[PDB]
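See structure below.
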Amino acid sequence: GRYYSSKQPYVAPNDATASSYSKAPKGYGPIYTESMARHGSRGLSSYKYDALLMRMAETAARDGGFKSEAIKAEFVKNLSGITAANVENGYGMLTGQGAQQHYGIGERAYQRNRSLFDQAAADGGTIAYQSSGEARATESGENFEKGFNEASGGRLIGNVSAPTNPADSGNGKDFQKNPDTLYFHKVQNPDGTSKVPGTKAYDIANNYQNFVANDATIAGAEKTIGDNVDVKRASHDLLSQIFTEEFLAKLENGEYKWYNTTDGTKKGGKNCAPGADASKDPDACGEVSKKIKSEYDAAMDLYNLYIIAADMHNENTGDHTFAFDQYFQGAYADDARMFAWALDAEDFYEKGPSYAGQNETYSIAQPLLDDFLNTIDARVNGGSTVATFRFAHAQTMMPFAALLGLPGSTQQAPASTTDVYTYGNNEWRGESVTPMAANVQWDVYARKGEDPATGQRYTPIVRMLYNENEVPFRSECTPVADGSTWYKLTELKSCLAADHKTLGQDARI
Ligand SMILES: [Zn+2]
Ligand SMILES: [Zn+2]
């Protein structure tokens, strides 16, 4: 009933879920685990939604466009408060809720594989930490590492792999930057370097960016959704809590327009958030090209503040709090569901299954799937790294989930600009595919000895958790036995490849 889309705060497992993960078959014990997690909850990415609505508020106040002076005061208080809170935290930065999400995930990662890690501490095993290099990803990982270390009494602190390209020389010193697997959607890397032309990583990012920038199905479908009459009706319905009918009628008639500038006009300057140091926090300055032209723009901007306000829960104290939830109560939650669809649709079409007949939107995650299998192989073939813990982005998780065919990401939309992705015709939701701190974890077990039905060793087996729910792999994959969520590593190398073939009976133990 709250409709936070992919700003949904992570929902940690209850002690029932966390204690009922399936046991591996008799004879199999842990040898490896790994993860990729999105950063946790964050503040606003830049001075933009809050900036534009303040410009709109200024004009509404001048023109008598608020429904009352108390509603005006409350709206401006809410805008000022969340802006102030982002100046204080840093635009784009992890919040307290986001740190707590990753602390708990880290604690539970140690606990789920306690025997693996206690053995690693006694036998010289190593743990590898990786980040895209983006601050909120690295800081998420730092909090995971803190929770992991606290749960294990610090007994693994001396078993961390030393990065050759650390995210920073301070709290992030344990994090190897790996933007080829954790930032494969862009040529530019978060640390300010770029992928090198001609590398596989550069070509993957470059081809993807060129595809999405020019694809007519994606562009037409997003246009259909942006101009949908029910989205416009929802936008008006929401905004009428705050602004008068006359004010909104003028906006509907194109008589108002606001740019993200000092005075909301086209000739205004770059405006930075009040009290921000643009050299310390450049994201506190807005892109002047952003604008409110419609009720749709304004309502989607307000919805974005509501959902990020949930991410900023821990910051929402003191004398400049914000109460955007007040605008999405009762029947206005129906409006929130419309805005969540519009926001989800952009992500779905650009980074998820998207439309039928193409795999460009999610094939970009192949380097991460490659690494998920390659780091298992490194361990089974005699390496000492017992875990690889990775921290990244929604732009990592959405294509990865579609490439793997995870629950929620199994349905492409029609190859159509009018029969588009909707909540009625697709299971994809930001709140469940890629909440804040969304994560995929794989546990790998093995049986000692020589398999007398082959010449060599028993095949390692693999089990997946998605947002800490144990899930099967995609339906083409055959588990090791009836009733099992464990899969042979050989089976996964076959059934997760493009053909999705199964080894059939040879997948059974
Ligand atoms: Zn303050
Ligand atoms: Zn109305």
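Read the numbers this way: they start at 1 and go in the same order the structure lists the ligands and their atoms. Position 1 is the first residue of the sequence; numbering continues from there.
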Show the atom names and distances, to 0.1 Å, of all donor-acceptor pairs under 3.5 Å that link a side chain in residues 346-353 to residues at least two apart or in another chain.
unit_1 : atom_1 : unit_2 : atom_2 : d
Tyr349 : OH     : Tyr421 : N      : 2.9
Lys351 : NZ     : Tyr208 : OH     : 2.7

Can a salt bridge be assigned to the pair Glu74 and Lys77 using a cut-off of 4.0 Å between side-chain N and carboxylate O?
yes
A correct count of protein N/O/S atoms found below 2.8 Å of the Zn ion (ligand 1) gives 3
Which side-chain N or O atoms in residues 9-19 pair as donor and acceptor under 3.5 Å with protein atoms at least two apart or in another chain?
unit_1 : atom_1 : unit_2 : atom_2 : d
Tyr10  : OH     : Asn439 : ND2    : 3.0
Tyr10  : OH     : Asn467 : O      : 3.4
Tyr10  : OH     : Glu468 : OE1    : 2.7
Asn14  : OD1    : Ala16  : N      : 3.2
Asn14  : OD1    : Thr17  : N      : 2.8
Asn14  : OD1    : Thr17  : OG1    : 3.1
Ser19  : OG     : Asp15  : O      : 2.8
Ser19  : OG     : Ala16  : O      : 3.2

Pair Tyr332 and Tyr327, ring centroids less than 6.0 Å apart
no
Which side-chain N or O atoms in residues 246-259 pair as donor and acceptor under 3.5 Å with protein atoms at least two apart or in another chain?
unit_1 : atom_1 : unit_2 : atom_2 : d
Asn253 : ND2    : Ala249 : O      : 2.8
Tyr256 : OH     : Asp63  : OD2    : 2.6
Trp258 : NE1    : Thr59  : OG1    : 2.8

Would you verify whether the NZ or CZ of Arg337 falls within 45 degrees of the ring axis of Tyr423 while also being under 6.0 Å from that six-membered ring's centre?
no
Would one find an N, O or S atom of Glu245, in either backbone or side chain, under 2.8 Å from the Zn ion (ligand 2)?
yes
Hey, which N, O or S atom on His236 ends up closest to the Zn ion (ligand 2)?
NE2
Decide, yes or no, whether a salt bridge links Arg55 with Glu58 under the criterion of side-chain N to carboxylate O below 4.0 Å.
yes
